[PDB]
Amino acid sequence: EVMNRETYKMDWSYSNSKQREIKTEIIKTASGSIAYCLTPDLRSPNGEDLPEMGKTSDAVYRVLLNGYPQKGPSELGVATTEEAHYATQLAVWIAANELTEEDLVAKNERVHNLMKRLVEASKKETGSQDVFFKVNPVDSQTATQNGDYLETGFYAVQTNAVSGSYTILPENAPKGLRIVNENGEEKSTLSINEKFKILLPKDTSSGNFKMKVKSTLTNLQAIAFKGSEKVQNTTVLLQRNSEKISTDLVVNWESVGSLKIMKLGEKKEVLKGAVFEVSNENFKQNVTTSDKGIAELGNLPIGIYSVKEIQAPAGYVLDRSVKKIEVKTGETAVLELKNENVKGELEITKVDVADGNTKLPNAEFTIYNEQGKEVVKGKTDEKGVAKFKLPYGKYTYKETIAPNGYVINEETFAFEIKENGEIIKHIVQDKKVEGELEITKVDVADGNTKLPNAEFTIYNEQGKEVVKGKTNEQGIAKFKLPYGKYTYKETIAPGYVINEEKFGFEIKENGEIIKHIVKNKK
Ligand SMILES: [Zn+2]
Ligand SMILES: [Zn+2]
Ligand SMILES: [Zn+2]
Ligand SMILES: [Zn+2]
């Protein structure tokens, strides 16, 4: 920059060593800003292009931050711009080790007061031209749930810059990432005085990513310019931009939920012992249901899980159909399942022991459970069948009313409903009531005298003939007949007249022998 000069009147300080008044001028650049001189021994420039050589010391820098024209005369504690300027130049020379305080003799106490203040500030304050840049916090951060999002805390840019901005550059980050400031405003490029926070949708699988903070900072700096060495070096306080980038900042998170399986029967009741296979890619586990019908799994990575019954409870139907359920971040997905009771049937067919093809109706069977309580009764139909729909478990049954004309069956049978829809078919046999008629034929005069050749004929309740038989020897004629009411009469005489009385009898007990005596005449 080309530099330009302007003189003024002042109560100059005197140097005892140099034996002269210490003077200066106001030096101004082409743009208009005020430059200061770095030594009182060489003259200031007039209309010469001066090249940059670097920076002054931080001590000299601190004088310019605190002095004129950064601050005006009233703020600094002096009366005029000339007094403000002169005290600043003197403090610049003292901080640069070109003059010492004890060598100078002041002629203006306002000027002397300000010079002391600016020199004390160069020694005590800590402002520096080294550009400082840091992102807090420095350690890798973990995002935790807050309603709809997983979120970190706030990050902040610590710097000695006067102004600047920065941009967040995430590497391979998840979908739906948002970056916000403290007012909740969505931004990727922010001012250095703003803080930022990371949001991720809660439904994001566990993971991590790296990000970088890139910034453009503006620092004040006391730039030095190189005189010809017959002409002084100068300084100008200027704003200078500077690019900075952080090291990789890591963000990580963990996304899990739970699954609760509730097991029910046909009516809303708790069910123990149901075993389910909970699975997906990366996971498999068989869980069994508890006292309260509940099976639970925690810490499941979020996503779709398959649920499949592998083993049913005691006396319940197995259902191998697959169920699909989503585990979401922070939440317990509930799966409520009903189960069907195992049901089957007993089919009793009632027949005659002598003939398997003869079916017997109206025979009653009673059914008992494991403990022996009566569960149900039922009679055989027109084809000798009795049907009983029953639930799971072990049972017994007995004949409790015999069919008409049969001896009751005394045995106890057993069966079990194991499998669903099973039909157990049983055959029960029955002994028919059969008996004998024995007619001893004697003469009406002589008792204990035989009569062969006497034929008797036996008729049923309706009156139709059944059997004929002559008297064998000793007057005896045997006839084996089934249950029922009958009548009988003499057909053929043994040289005797026929006894034409119509006798009657009933066979009603098995193995029974009915002994009758008929007598003949002439
Ligand atoms: Zn200060
Ligand atoms: Zn003084
Ligand atoms: Zn640490
Ligand atoms: Zn009863």
# chains A, B, ... in the order shown; residues from 1 in each chain; ligands from 1
$ residues_near_ligand --ligand "ligand 1" --cutoff "12 Å" --atoms "only C-alpha atoms and all ligand atoms" --output "compact mmCIF listing (two decimals) with C-alpha atoms, in the first residue's frame"
# COMPACT_ATOMS: atom_id res chain seq x y z
CA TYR A 61 -0.49 -5.87 18.31
CA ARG A 62 -2.16 -5.44 21.71
CA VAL A 63 -1.34 -1.69 21.74
CA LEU A 64 -3.17 -1.25 18.40
CA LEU A 65 -6.24 -3.25 19.61
CA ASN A 66 -6.56 -0.98 22.66
CA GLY A 67 -5.50 2.39 21.13
CA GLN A 70 -9.95 1.41 17.23
CA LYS A 71 -11.21 3.58 20.12
CA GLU A 75 -13.30 6.46 25.37
CA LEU A 76 -9.48 6.42 25.78
CA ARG A 117 -2.74 2.35 30.11
CA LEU A 118 -1.80 1.09 26.63
CA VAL A 119 1.62 -0.19 27.78
CA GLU A 120 0.07 -2.02 30.78
CA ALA A 121 -2.43 -3.67 28.36
CA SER A 122 0.42 -4.86 26.07
CA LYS A 123 2.03 -6.61 29.08
CA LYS A 124 -1.11 -8.00 30.85
CA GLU A 125 -3.75 -8.96 28.28
CA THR A 126 -3.33 -12.11 26.17
CA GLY A 127 -4.77 -11.39 22.69
$ residues_near_ligand --ligand "ligand 2" --cutoff "10 Å" --atoms "only C-alpha atoms and all ligand atoms" --output "PyMOL selection string"
chain A and resi 105-113+115-116
$ closest_residue --among "A:382, A:151, A:512, A:269" --to "residue 336 of chain A" --atoms "only C-alpha atoms"
A:269
$ closest_residue --among "A:503, A:368, A:432, A:404" --to "ligand 4" --atoms "only C-alpha atoms and all ligand atoms"
A:368
$ closest_residue --among "A:137, A:235, A:182, A:457" --to "ligand 3" --atoms "only C-alpha atoms and all ligand atoms"
A:137
$ residues_near_ligand --ligand "ligand 4" --cutoff "9 Å" --atoms "only C-alpha atoms and all ligand atoms" --output "ChimeraX atom specification"
/A:366,373-374,376-377
$ closest_atom_pairs --of "chain A" --to "ligand 3" --cutoff "12 Å" --atoms "only C-alpha atoms and all ligand atoms" --output "Markdown table"
| residue | atom | partner | partner_atom_place_in_ligand_line | distance |
| --- | --- | --- | --- | --- |
| A:136 | CA | ligand 3 | 1 (Zn) | 11.5 |
| A:137 | CA | ligand 3 | 1 (Zn) | 9.4 |
| A:138 | CA | ligand 3 | 1 (Zn) | 7.4 |
| A:139 | CA | ligand 3 | 1 (Zn) | 5.5 |
| A:140 | CA | ligand 3 | 1 (Zn) | 8.5 |
| A:141 | CA | ligand 3 | 1 (Zn) | 10.7 |
$ write_last_selection --atoms "C-alpha atoms" --output "PDB file, in the first residue's frame"
ATOM      1  CA  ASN A 136     -15.964 -28.740  21.561  1.00  0.00           C
ATOM      2  CA  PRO A 137     -16.643 -31.459  22.454  1.00  0.00           C
ATOM      3  CA  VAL A 138     -13.586 -33.330  21.150  1.00  0.00           C
ATOM      4  CA  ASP A 139     -14.490 -36.957  22.082  1.00  0.00           C
ATOM      5  CA  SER A 140     -16.808 -39.175  20.040  1.00  0.00           C
ATOM      6  CA  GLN A 141     -20.464 -38.595  20.940  1.00  0.00           C
TER       7      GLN A 141
END
$ residues_around --residues "residue 455 of chain A" --least-positions-apart "3" --cutoff "10 Å" --atoms "only C-alpha atoms" --output "list in words"
residues 452, 468, 469, 470, 471, 472, 477, 489, 490, 491, 492, 493 and 494 of chain A
$ select_by_dssp --residues "segment 93-156 of chain A" --states "strand (DSSP E)" --output "PyMOL selection string"
chain A and resi 104-105+133-136+141-142+144-146+149-151+156
$ closest_atom_pairs --of "segment 222-330 of chain A" --to "segment 152-162 of chain A" --cutoff "12 Å" --atoms "only C-alpha atoms" --output "CSV"
residue,atom,partner,partner_atom,distance
A:238,CA,A:162,CA,11.4
A:239,CA,A:162,CA,8.7
A:240,CA,A:161,CA,9.7
A:241,CA,A:161,CA,9.4
A:242,CA,A:161,CA,9.7
A:243,CA,A:161,CA,11.7
A:244,CA,A:159,CA,10.9
A:245,CA,A:157,CA,11.3
A:246,CA,A:157,CA,10.1
A:249,CA,A:155,CA,10.5
A:250,CA,A:152,CA,11.1
A:251,CA,A:152,CA,8.1
A:252,CA,A:152,CA,9.4
A:253,CA,A:152,CA,9.6
$ write_last_selection --atoms "N, CA and C atoms" --output "PDB file, in the first residue's frame"
ATOM      1  N   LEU A 238      -5.202  -4.832  10.451  1.00  0.00           N
ATOM      2  CA  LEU A 238      -6.071  -5.251   9.342  1.00  0.00           C
ATOM      3  C   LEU A 238      -6.814  -6.546   9.655  1.00  0.00           C
ATOM      4  N   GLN A 239      -7.952  -6.730   8.987  1.00  0.00           N
ATOM      5  CA  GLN A 239      -8.686  -7.996   8.998  1.00  0.00           C
ATOM      6  C   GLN A 239      -8.091  -8.920   7.929  1.00  0.00           C
ATOM      7  N   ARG A 240      -7.800 -10.170   8.297  1.00  0.00           N
ATOM      8  CA  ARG A 240      -7.217 -11.160   7.372  1.00  0.00           C
ATOM      9  C   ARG A 240      -7.915 -12.521   7.478  1.00  0.00           C
ATOM     10  N   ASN A 241      -8.383 -13.046   6.341  1.00  0.00           N
ATOM     11  CA  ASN A 241      -9.109 -14.326   6.313  1.00  0.00           C
ATOM     12  C   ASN A 241      -8.174 -15.523   6.244  1.00  0.00           C
ATOM     13  N   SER A 242      -8.714 -16.675   6.630  1.00  0.00           N
ATOM     14  CA  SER A 242      -7.922 -17.851   6.968  1.00  0.00           C
ATOM     15  C   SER A 242      -8.821 -19.091   6.962  1.00  0.00           C
ATOM     16  N   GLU A 243      -8.418 -20.146   6.247  1.00  0.00           N
ATOM     17  CA  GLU A 243      -9.215 -21.389   6.138  1.00  0.00           C
ATOM     18  C   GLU A 243      -8.750 -22.443   7.158  1.00  0.00           C
ATOM     19  N   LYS A 244      -9.692 -23.037   7.892  1.00  0.00           N
ATOM     20  CA  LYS A 244      -9.383 -24.070   8.895  1.00  0.00           C
ATOM     21  C   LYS A 244     -10.358 -25.239   8.809  1.00  0.00           C
ATOM     22  N   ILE A 245      -9.862 -26.433   9.142  1.00  0.00           N
ATOM     23  CA  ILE A 245     -10.656 -27.664   9.135  1.00  0.00           C
ATOM     24  C   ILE A 245     -10.346 -28.523  10.365  1.00  0.00           C
ATOM     25  N   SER A 246     -11.380 -29.084  10.998  1.00  0.00           N
ATOM     26  CA  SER A 246     -11.202 -29.953  12.170  1.00  0.00           C
ATOM     27  C   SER A 246     -10.683 -31.338  11.772  1.00  0.00           C
ATOM     28  N   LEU A 249     -14.734 -35.859  13.603  1.00  0.00           N
ATOM     29  CA  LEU A 249     -15.606 -36.001  14.770  1.00  0.00           C
ATOM     30  C   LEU A 249     -16.514 -37.204  14.544  1.00  0.00           C
ATOM     31  N   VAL A 250     -16.586 -38.098  15.529  1.00  0.00           N
ATOM     32  CA  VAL A 250     -17.366 -39.332  15.412  1.00  0.00           C
ATOM     33  C   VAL A 250     -18.692 -39.209  16.167  1.00  0.00           C
ATOM     34  N   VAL A 251     -19.765 -39.666  15.518  1.00  0.00           N
ATOM     35  CA  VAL A 251     -21.095 -39.801  16.126  1.00  0.00           C
ATOM     36  C   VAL A 251     -21.515 -41.275  16.019  1.00  0.00           C
ATOM     37  N   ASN A 252     -22.039 -41.840  17.111  1.00  0.00           N
ATOM     38  CA  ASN A 252     -22.523 -43.233  17.117  1.00  0.00           C
ATOM     39  C   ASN A 252     -23.821 -43.385  17.905  1.00  0.00           C
ATOM     40  N   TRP A 253     -24.517 -44.495  17.674  1.00  0.00           N
ATOM     41  CA  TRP A 253     -25.815 -44.749  18.317  1.00  0.00           C
ATOM     42  C   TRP A 253     -26.192 -46.227  18.284  1.00  0.00           C
TER      43      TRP A 253
END
$ residues_around --residues "segment 187-190 of chain A" --least-positions-apart "6" --cutoff "8 Å" --atoms "only C-alpha atoms" --output "CSV table (one decimal) with N, CA and C atoms, in the first residue's frame"
chain,number,residue,atom,x,y,z
A,165,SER,N,-17.6,-17.9,9.6
A,165,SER,CA,-18.6,-18.9,9.4
A,165,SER,C,-18.0,-20.3,9.2
A,166,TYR,N,-18.8,-21.3,9.4
A,166,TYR,CA,-18.3,-22.7,9.3
A,166,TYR,C,-19.4,-23.6,8.7
A,167,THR,N,-19.0,-24.7,8.1
A,167,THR,CA,-19.9,-25.7,7.5
A,167,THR,C,-19.6,-27.1,7.9
A,168,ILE,N,-20.6,-27.9,8.1
A,168,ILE,CA,-20.6,-29.3,8.6
A,168,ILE,C,-20.6,-30.2,7.4
A,179,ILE,N,-29.4,-30.9,10.8
A,179,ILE,CA,-28.5,-30.2,11.7
A,179,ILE,C,-29.2,-28.9,12.1
A,180,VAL,N,-29.3,-28.6,13.4
A,180,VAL,CA,-30.0,-27.5,13.9
A,180,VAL,C,-29.1,-26.7,14.9
A,181,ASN,N,-29.5,-25.4,15.1
A,181,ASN,CA,-28.9,-24.5,16.1
A,181,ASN,C,-29.7,-24.5,17.3
$ residues_around --residues "residue 99 of chain A" --least-positions-apart "6" --cutoff "12 Å" --atoms "only C-alpha atoms" --output "PyMOL selection string"
chain A and resi 13-18+22+38-41+89-93+105+119
$ write_last_selection --atoms "N, CA and C atoms" --output "PDB file, in the first residue's frame"
ATOM      1  N   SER A  13       6.992  14.745  24.134  1.00  0.00           N
ATOM      2  CA  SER A  13       7.854  14.275  25.215  1.00  0.00           C
ATOM      3  C   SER A  13       9.324  14.404  24.812  1.00  0.00           C
ATOM      4  N   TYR A  14      10.185  14.572  25.811  1.00  0.00           N
ATOM      5  CA  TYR A  14      11.627  14.739  25.613  1.00  0.00           C
ATOM      6  C   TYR A  14      12.383  13.470  26.026  1.00  0.00           C
ATOM      7  N   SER A  15      13.325  13.028  25.188  1.00  0.00           N
ATOM      8  CA  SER A  15      14.209  11.890  25.493  1.00  0.00           C
ATOM      9  C   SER A  15      15.550  12.404  26.019  1.00  0.00           C
ATOM     10  N   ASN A  16      15.934  11.970  27.222  1.00  0.00           N
ATOM     11  CA  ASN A  16      17.205  12.411  27.819  1.00  0.00           C
ATOM     12  C   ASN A  16      18.408  11.826  27.069  1.00  0.00           C
ATOM     13  N   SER A  17      18.311  10.562  26.652  1.00  0.00           N
ATOM     14  CA  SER A  17      19.414   9.890  25.954  1.00  0.00           C
ATOM     15  C   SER A  17      19.671  10.467  24.556  1.00  0.00           C
ATOM     16  N   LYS A  18      18.610  10.631  23.773  1.00  0.00           N
ATOM     17  CA  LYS A  18      18.712  11.188  22.417  1.00  0.00           C
ATOM     18  C   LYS A  18      18.851  12.715  22.393  1.00  0.00           C
ATOM     19  N   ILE A  22      10.679  13.991  21.023  1.00  0.00           N
ATOM     20  CA  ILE A  22      10.217  12.825  20.260  1.00  0.00           C
ATOM     21  C   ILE A  22       8.918  13.189  19.522  1.00  0.00           C
ATOM     22  N   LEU A  38       7.296   2.044  13.296  1.00  0.00           N
ATOM     23  CA  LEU A  38       7.927   1.042  14.181  1.00  0.00           C
ATOM     24  C   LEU A  38       9.273   1.463  14.810  1.00  0.00           C
ATOM     25  N   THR A  39       9.760   2.658  14.483  1.00  0.00           N
ATOM     26  CA  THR A  39      10.941   3.236  15.131  1.00  0.00           C
ATOM     27  C   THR A  39      10.883   4.773  15.097  1.00  0.00           C
ATOM     28  N   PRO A  40      11.388   5.452  16.151  1.00  0.00           N
ATOM     29  CA  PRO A  40      11.489   6.917  16.120  1.00  0.00           C
ATOM     30  C   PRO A  40      12.784   7.465  15.488  1.00  0.00           C
ATOM     31  N   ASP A  41      13.633   6.585  14.948  1.00  0.00           N
ATOM     32  CA  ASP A  41      14.969   6.960  14.460  1.00  0.00           C
ATOM     33  C   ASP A  41      15.041   7.253  12.956  1.00  0.00           C
ATOM     34  N   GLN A  89       1.249   6.025  19.430  1.00  0.00           N
ATOM     35  CA  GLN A  89       2.574   5.893  18.793  1.00  0.00           C
ATOM     36  C   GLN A  89       3.697   5.660  19.816  1.00  0.00           C
ATOM     37  N   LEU A  90       3.670   6.395  20.929  1.00  0.00           N
ATOM     38  CA  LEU A  90       4.675   6.221  21.990  1.00  0.00           C
ATOM     39  C   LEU A  90       4.628   4.814  22.602  1.00  0.00           C
ATOM     40  N   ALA A  91       3.417   4.331  22.886  1.00  0.00           N
ATOM     41  CA  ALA A  91       3.213   2.972  23.409  1.00  0.00           C
ATOM     42  C   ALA A  91       3.621   1.881  22.410  1.00  0.00           C
ATOM     43  N   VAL A  92       3.405   2.130  21.122  1.00  0.00           N
ATOM     44  CA  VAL A  92       3.901   1.227  20.085  1.00  0.00           C
ATOM     45  C   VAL A  92       5.428   1.120  20.178  1.00  0.00           C
ATOM     46  N   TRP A  93       6.111   2.270  20.254  1.00  0.00           N
ATOM     47  CA  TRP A  93       7.580   2.304  20.360  1.00  0.00           C
ATOM     48  C   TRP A  93       8.109   1.671  21.649  1.00  0.00           C
ATOM     49  N   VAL A 105      10.327  12.252  29.154  1.00  0.00           N
ATOM     50  CA  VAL A 105       9.830  13.275  30.073  1.00  0.00           C
ATOM     51  C   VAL A 105       8.567  13.860  29.460  1.00  0.00           C
ATOM     52  N   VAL A 119       0.431   0.628  27.491  1.00  0.00           N
ATOM     53  CA  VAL A 119       1.624  -0.192  27.777  1.00  0.00           C
ATOM     54  C   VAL A 119       1.310  -1.317  28.775  1.00  0.00           C
TER      55      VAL A 119
END
$ atom_distance --atom1 "atom CA of residue 488 of chain A" --atom2 "atom CA of residue 443 of chain A"
18.7 Å
$ closest_residue --among "A:433, A:362, A:42, A:420" --to "residue 401 of chain A" --atoms "only C-alpha atoms"
A:362
$ atom_distance --atom1 "atom CA of residue 270 of chain A" --atom2 "atom CA of residue 290 of chain A"
9.0 Å
$ atom_distance --atom1 "atom CA of residue 186 of chain A" --atom2 "atom CA of residue 135 of chain A"
19.3 Å
$ residues_around --residues "residue 202 of chain A" --least-positions-apart "2" --cutoff "10 Å" --atoms "only C-alpha atoms" --output "MDAnalysis selection string"
chainID A and resid 143:151 199:200 204:205 253:256 328:330
$ select_by_dssp --residues "segment 16-241 of chain A" --states "alpha helix (DSSP H)" --output "VMD selection string"
chain A and resid 58 to 66 73 to 76 81 to 95 109 to 124
$ residues_around --residues "residue 280 of chain A" --least-positions-apart "6" --cutoff "10 Å" --atoms "only C-alpha atoms" --output "ChimeraX atom specification"
/A:303-307,324
$ decode --residues "segment 26-48 of chain A" --atoms "N, CA and C atoms" --output "PDB file, in the first residue's frame"
ATOM      1  N   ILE A  26       0.810  11.843  11.440  1.00  0.00           N
ATOM      2  CA  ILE A  26      -0.248  10.855  11.181  1.00  0.00           C
ATOM      3  C   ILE A  26      -0.025  10.297   9.784  1.00  0.00           C
ATOM      4  N   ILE A  27       0.235   8.994   9.703  1.00  0.00           N
ATOM      5  CA  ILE A  27       0.456   8.317   8.429  1.00  0.00           C
ATOM      6  C   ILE A  27      -0.841   7.599   8.034  1.00  0.00           C
ATOM      7  N   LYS A  28      -1.260   7.766   6.779  1.00  0.00           N
ATOM      8  CA  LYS A  28      -2.494   7.169   6.260  1.00  0.00           C
ATOM      9  C   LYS A  28      -2.233   6.425   4.949  1.00  0.00           C
ATOM     10  N   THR A  29      -2.818   5.233   4.805  1.00  0.00           N
ATOM     11  CA  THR A  29      -2.715   4.439   3.569  1.00  0.00           C
ATOM     12  C   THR A  29      -3.612   5.032   2.478  1.00  0.00           C
ATOM     13  N   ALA A  30      -3.506   4.495   1.265  1.00  0.00           N
ATOM     14  CA  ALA A  30      -4.318   4.960   0.133  1.00  0.00           C
ATOM     15  C   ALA A  30      -5.820   4.774   0.382  1.00  0.00           C
ATOM     16  N   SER A  31      -6.199   3.636   0.972  1.00  0.00           N
ATOM     17  CA  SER A  31      -7.595   3.366   1.357  1.00  0.00           C
ATOM     18  C   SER A  31      -8.132   4.334   2.426  1.00  0.00           C
ATOM     19  N   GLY A  32      -7.263   4.782   3.331  1.00  0.00           N
ATOM     20  CA  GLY A  32      -7.617   5.779   4.348  1.00  0.00           C
ATOM     21  C   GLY A  32      -7.248   5.413   5.777  1.00  0.00           C
ATOM     22  N   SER A  33      -6.972   4.133   6.034  1.00  0.00           N
ATOM     23  CA  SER A  33      -6.649   3.666   7.383  1.00  0.00           C
ATOM     24  C   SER A  33      -5.289   4.181   7.896  1.00  0.00           C
ATOM     25  N   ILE A  34      -5.199   4.348   9.216  1.00  0.00           N
ATOM     26  CA  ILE A  34      -4.021   4.908   9.870  1.00  0.00           C
ATOM     27  C   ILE A  34      -2.952   3.840  10.110  1.00  0.00           C
ATOM     28  N   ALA A  35      -1.728   4.138   9.676  1.00  0.00           N
ATOM     29  CA  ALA A  35      -0.565   3.296   9.944  1.00  0.00           C
ATOM     30  C   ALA A  35       0.288   3.927  11.040  1.00  0.00           C
ATOM     31  N   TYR A  36       0.969   3.080  11.806  1.00  0.00           N
ATOM     32  CA  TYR A  36       1.924   3.542  12.800  1.00  0.00           C
ATOM     33  C   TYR A  36       3.351   3.156  12.415  1.00  0.00           C
ATOM     34  N   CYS A  37       4.297   3.934  12.933  1.00  0.00           N
ATOM     35  CA  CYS A  37       5.720   3.787  12.650  1.00  0.00           C
ATOM     36  C   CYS A  37       6.376   2.910  13.715  1.00  0.00           C
ATOM     37  N   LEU A  38       7.296   2.044  13.296  1.00  0.00           N
ATOM     38  CA  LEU A  38       7.927   1.042  14.181  1.00  0.00           C
ATOM     39  C   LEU A  38       9.273   1.463  14.810  1.00  0.00           C
ATOM     40  N   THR A  39       9.760   2.658  14.483  1.00  0.00           N
ATOM     41  CA  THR A  39      10.941   3.236  15.131  1.00  0.00           C
ATOM     42  C   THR A  39      10.883   4.773  15.097  1.00  0.00           C
ATOM     43  N   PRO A  40      11.388   5.452  16.151  1.00  0.00           N
ATOM     44  CA  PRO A  40      11.489   6.917  16.120  1.00  0.00           C
ATOM     45  C   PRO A  40      12.784   7.465  15.488  1.00  0.00           C
ATOM     46  N   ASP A  41      13.633   6.585  14.948  1.00  0.00           N
ATOM     47  CA  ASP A  41      14.969   6.960  14.460  1.00  0.00           C
ATOM     48  C   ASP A  41      15.041   7.253  12.956  1.00  0.00           C
ATOM     49  N   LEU A  42      14.143   6.672  12.163  1.00  0.00           N
ATOM     50  CA  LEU A  42      14.110   6.884  10.708  1.00  0.00           C
ATOM     51  C   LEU A  42      12.802   7.578  10.301  1.00  0.00           C
ATOM     52  N   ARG A  43      12.850   8.367   9.223  1.00  0.00           N
ATOM     53  CA  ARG A  43      11.688   9.154   8.778  1.00  0.00           C
ATOM     54  C   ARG A  43      10.552   8.283   8.245  1.00  0.00           C
ATOM     55  N   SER A  44       9.336   8.826   8.280  1.00  0.00           N
ATOM     56  CA  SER A  44       8.156   8.159   7.725  1.00  0.00           C
ATOM     57  C   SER A  44       8.135   8.276   6.194  1.00  0.00           C
ATOM     58  N   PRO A  45       7.422   7.355   5.518  1.00  0.00           N
ATOM     59  CA  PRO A  45       7.372   7.375   4.055  1.00  0.00           C
ATOM     60  C   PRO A  45       6.475   8.481   3.521  1.00  0.00           C
ATOM     61  N   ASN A  46       6.748   8.929   2.294  1.00  0.00           N
ATOM     62  CA  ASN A  46       5.856   9.824   1.555  1.00  0.00           C
ATOM     63  C   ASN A  46       5.698   9.267   0.140  1.00  0.00           C
ATOM     64  N   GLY A  47       4.522   8.723  -0.166  1.00  0.00           N
ATOM     65  CA  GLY A  47       4.189   8.239  -1.510  1.00  0.00           C
ATOM     66  C   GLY A  47       5.106   7.160  -2.051  1.00  0.00           C
ATOM     67  N   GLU A  48       5.383   6.148  -1.231  1.00  0.00           N
ATOM     68  CA  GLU A  48       6.216   4.999  -1.613  1.00  0.00           C
ATOM     69  C   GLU A  48       5.451   3.694  -1.389  1.00  0.00           C
TER      70      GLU A  48
END
